[PDB]
């Protein structure tokens, strides 16, 4: 499917269109302000800021975990899923974890309902790991460059876990890419897979790219994506969940919220 094809859904959970970025930010601000989270602006893309939000007064006894969403503008259940999750959270959460968020990496694609940003770039690629260091290549987008410029901040934010919430518009079946320092998947991988399995049928088999999925899982597959790069940079575990964008939008929002919840429980 074309990376400029526009996808839009109605959510009765939020009573709005999935591309309603103005409403998205209004609720995001309210939830961030209620939680006491600190904004760290990384830069701008087409008039929108791309910001990292962080829980205040991080403690070294707690794990530092990063949840990111909205690298691809048509995968809007990720960002709205994050809003859902936050609406159900209290500042008490920050006693269990040092949470950092990238709630919407690709705002220009998100307001248009399409995968690429409005400049025809793919914000989720071009993160190469060379000479023991994260680096850009010719595919790194404006957003990726902003993320790479803050590589040290982001590695620190996700040393104990990186979850990125994606969606697959070509799929009716859920699946998850995971990274664990093991030849075989463990509870981390299997629990996320099962959480999605509670909302959707699972990608029992096939291949996404040259990558085989078995029982909803793609394990330790390294590419030039933000997640793989951060895991190579030192993120102890990583997961990129894929909810199926051919299913009901609010189910995806709830699935994305459940996965974030489970991710935090598994890593805390």
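Numbering follows the first chain given and starts at 1.
- Of the two segments examined, 241-249 and 10-18, it is 10-18 that shows the higher average Cα temperature factor in the deposited entry.
- Of the two stretches examined, 35-43 and 62-70, the record assigns the greater average C-alpha temperature factor to 35-43.
- As recorded in the entry, 183 carries the highest CA temperature factor of 183, 108, 98, 122.
- The entry assigns its greatest Cα B factor, within the set 52, 217, 229, 27, to 27.
- Split the chain's modelled residues into thirds by C-alpha temperature factor. Residue 87 is in the highest one.
- Ranked within its chain, residue 173 lands in the lowest third, by CA B factor from the PDB record.
- Among the modelled residues of the chain, residue 202 sits in the middle third by CA temperature factor in this PDB entry.
- For residue 127, the recorded CA temperature factor ranks within the middle third of the chain's modelled residues.
- In this PDB entry, residue 134 carries a Cα temperature factor that places it within the highest third of its chain's modelled residues.
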